[PDB]
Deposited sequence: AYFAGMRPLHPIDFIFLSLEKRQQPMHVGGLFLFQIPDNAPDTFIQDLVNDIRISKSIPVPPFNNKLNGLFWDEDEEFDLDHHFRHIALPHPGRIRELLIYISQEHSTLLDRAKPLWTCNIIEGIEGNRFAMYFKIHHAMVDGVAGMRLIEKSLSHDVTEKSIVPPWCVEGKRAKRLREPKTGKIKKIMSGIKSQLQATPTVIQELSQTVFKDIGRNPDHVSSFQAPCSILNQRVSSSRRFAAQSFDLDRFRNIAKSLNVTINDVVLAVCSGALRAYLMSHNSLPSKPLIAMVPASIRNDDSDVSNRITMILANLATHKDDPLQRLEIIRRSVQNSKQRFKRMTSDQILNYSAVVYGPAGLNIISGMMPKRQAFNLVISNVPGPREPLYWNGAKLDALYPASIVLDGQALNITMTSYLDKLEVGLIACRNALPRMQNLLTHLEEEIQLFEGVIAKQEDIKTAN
C-alpha cells in the first residue's frame, strides 16, 4: 500500500493543484436556493445549524480527505469552524446583495492544510428562502462529480428528516479581446434562472437543437455586451462549447466552435453556429480519464502561437426536485473557474426544466459584467420576436 491507507493523487487532481496561483483559485462552487418548508417553525434554520454545531458525526469521503505530499490522507481532527459559516443577509435580503456576497467568497483560496471544501449557510433571502454556498476544489470534483455528491447528500423525499450534516451522508483562429487578459483574484458572479421551454419552443420552430439556440443566445448577448464597451473584435469569437444540452454517467463532448459574433443578424449567427458545431473537427470526448486529462490540458494549459476566447460549459442537474430536511431545492447555480487569458466563464445547469446560468468573471477585466444577464434575456426575446412574426 501507499503509507498504509493513503491514495496517490490522480493526474487530473494534480493539474488543478499545480496551476493554482494567487490570482486564479482553482475551486468550483454551487449556489443552492432552498424554499423554507410551508409548515416549518420560525426556528427552522436556527435548529438545523444547531444540529450541525453539536453533531458528533464525522465527515465521510471525500470530505474527510486532505493533502499529504502527492497523496490523499484522512483528516483525523474535523475543525467545524474552519469549514463552516452561518450568516444572515441584512433586511430585506435582495438577490443583488446575495450575489455580491458570493462574488466576494468565490474569490478566496482554499487552505491546503485541511480538506479542500467550505460550506456557507446564508439566511434571510427574500421570498422565504435560505441559501447554501458550497465551495470545493476542482482537484476533488468537476461539475458532474459534484452533481453526484449533491444527489447523494440531499433527499428526493420531502418527508425525510436530516439526521447528520450533508458532508456525513452515506489552429489559433481566436482574436484578441478583453476576455483574454491577465486576471486578478477578485470575482464577479452573476446568476439567473431561465425557463428552458422558451429555448425548446425556439428550437422546434427553427428546426434546430436546444443547444444550438442556447449558444446563439449567448453569442448575441456577448456581441451586445462587447459592443456596449466598444470592444467587439472584428473576427468572431471562438468558444469551446458542448455538443448537446443533456447527452448516462456521462460528460458531454466539447467542441471548438465559431460563435459568429461579427454578424449582425440573429438567424445568421444561429446558422453559422449550428454548422460549426455540426462540422467542427476539434471534438474532445470526456468519457475516459485520458480523454478528460487531455481536455483539461487544452482548456487550462493551452498552447499558444489563442485557440479560443471562452468556454461555455454545461453541467446537467437532476430532473426531479431535491430536499433538505423538507426544504425544497428551488434553484442551483454553478460557479466555475477564471484564469489568465480567460477572464469570463459561462456555465449552465439544467434543473426542473429551468436553465440555471452561472456567469463568473475577473472583476477588473470585465466591468459591469452583470449586464450580460439583461443581454441574455433580450436575445431570447429577439428570437421569440422573429418567430412570432414568422
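Missing from the model, relative to the deposited sequence, are the ranges 171-222, 300-303, 362-371, 457-463.
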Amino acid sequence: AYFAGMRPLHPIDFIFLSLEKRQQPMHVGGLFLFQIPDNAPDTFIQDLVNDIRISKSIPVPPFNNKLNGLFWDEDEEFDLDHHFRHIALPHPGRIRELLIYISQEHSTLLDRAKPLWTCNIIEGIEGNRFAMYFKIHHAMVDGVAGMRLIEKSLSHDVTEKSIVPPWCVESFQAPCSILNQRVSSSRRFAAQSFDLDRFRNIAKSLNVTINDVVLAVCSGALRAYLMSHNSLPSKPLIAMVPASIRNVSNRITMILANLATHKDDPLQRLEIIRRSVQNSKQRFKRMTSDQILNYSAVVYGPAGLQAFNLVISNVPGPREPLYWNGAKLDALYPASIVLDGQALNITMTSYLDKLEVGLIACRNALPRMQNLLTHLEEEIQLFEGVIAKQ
From here on, numbers count along this sequence of modelled residues.
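Relative to one another, 141-149 and 154-162 have unequal mean CA B-factors, and 154-162 is the one with the higher figure.
According to the PDB record, 278-286 carries the higher mean C-alpha B-factor of the two stretches 182-190 and 278-286.
Across the residues 93, 115, 304, 220, the deposited record lists the maximum Cα B factor for 304.
Each of 205, 120, 108, 309 has a CA temperature factor in the record; the biggest one is found at 205. Sort the modelled residues of the chain by CA B factor and residue 359 lands in the lowest third.
When the modelled residues of the chain are ordered by their C-alpha B factor, residue 323 lands in the highest third.
Annotation for residue 37: C-alpha temperature factor in the highest third relative to the rest of the modelled chain, per the entry. Residue 104 sits in the lowest third of its chain by CA B factor, as recorded in the PDB entry. In this PDB entry, the Cα temperature factor of residue 270 sits in the middle third of its chain's modelled residues.
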